[PDB]
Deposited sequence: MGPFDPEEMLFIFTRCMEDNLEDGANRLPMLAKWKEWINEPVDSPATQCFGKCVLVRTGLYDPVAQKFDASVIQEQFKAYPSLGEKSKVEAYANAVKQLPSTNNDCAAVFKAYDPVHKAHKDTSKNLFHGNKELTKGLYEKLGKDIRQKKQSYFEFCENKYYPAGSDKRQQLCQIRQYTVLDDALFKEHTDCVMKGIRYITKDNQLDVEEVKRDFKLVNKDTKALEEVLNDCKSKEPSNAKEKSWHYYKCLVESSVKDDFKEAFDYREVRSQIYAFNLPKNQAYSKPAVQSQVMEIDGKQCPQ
């Protein structure tokens, strides 16, 4: 588990908040605290499950082992020497290592970790891209090489593989209209997108639940999707680097293609603001039915 870059941690925090914030009067007060690494109220099931969510996605809590795991702390510090002081990182890792084996329920996981969170707040916040000043500097260093805050993930990938001002830019006319290109460049670009929206994991595996999540958000049933994906999986290519493209092509050409395009389009919109749904769950409405950088597409 790990290391995680700033975008990866932002994804984790915002996803866990989206899934765990209450839907009533407590929503905004809780959001204001959790955003600032204040895991309160400690007695709230919402806070407890939020905390467990973050710990599971980072690998600090291993739900299979039913124990905490400090390995990610060392992986994180190795990747980001500027974000920790060795003695402090070691003290934090030690505190995690010495936590007892803990049941895989929100309350138990949260209660066990909370003392560590508080005793090592700055250490953990700095290391895992929660320090606003440090993270701003890292985003500047990375520039075009990482998806930036408030940037469409699709645009991040497009700009990497089909850069503005290049003879490649024109291909976006076809790409944005769901034309499935066959070349190595497009396969890499599609890997960038599919991994960026988490349809494909870091180890090139399909995450059916993530695709389903996006169907449900556009009010589409997922039974037909699951059947299509099962068929696509039965014909999965053996070369790891082609798996993202394989699933993209399969979905685009399948009997769920229209629902897929609708779901994928809305995911692109939501990828522009990771906190899209946090102040309040936003209602989805199908956009009314092309230009690239102001230039008219010939198709």
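Of the deposited sequence, only positions 290-293 lack a modelled C-alpha atom.
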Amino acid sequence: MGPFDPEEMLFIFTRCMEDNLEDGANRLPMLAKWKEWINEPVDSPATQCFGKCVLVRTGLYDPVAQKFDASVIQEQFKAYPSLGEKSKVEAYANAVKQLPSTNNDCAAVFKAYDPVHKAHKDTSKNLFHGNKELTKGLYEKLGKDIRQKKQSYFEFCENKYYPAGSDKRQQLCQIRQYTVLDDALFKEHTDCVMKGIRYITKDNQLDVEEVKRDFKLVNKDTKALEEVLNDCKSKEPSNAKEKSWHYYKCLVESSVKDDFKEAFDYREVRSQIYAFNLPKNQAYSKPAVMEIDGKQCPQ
From here on, numbers count along this sequence of modelled residues.
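A summary of the deposited B-factors shows that, of 93-101 and 149-157, the stretch with the larger mean C-alpha value is 93-101. In this entry, 108-116 has the higher mean Cα B-factor, the comparison being between 190-198 and 108-116.
Which of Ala283, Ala275, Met9, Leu21 has the largest Cα B-factor in the deposited entry comes down to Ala283. Out of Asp258, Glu253, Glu242, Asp265, it is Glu242 whose C-alpha atom has the highest B-factor in the PDB entry.
In the PDB entry, a CA B factor belonging to the middle third of its chain's modelled residues is recorded for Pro45. Among the modelled residues of its chain, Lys141 has a C-alpha B-factor that falls in the highest third, as given in the PDB entry. The PDB entry assigns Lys168 a C-alpha temperature factor belonging to the middle third of its chain's modelled residues. When the modelled residues of the chain are ordered by their C-alpha B factor, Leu60 lands in the middle third.
When the CA B factors of the chain's modelled residues are split into thirds, the value for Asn26 lands in the highest one.
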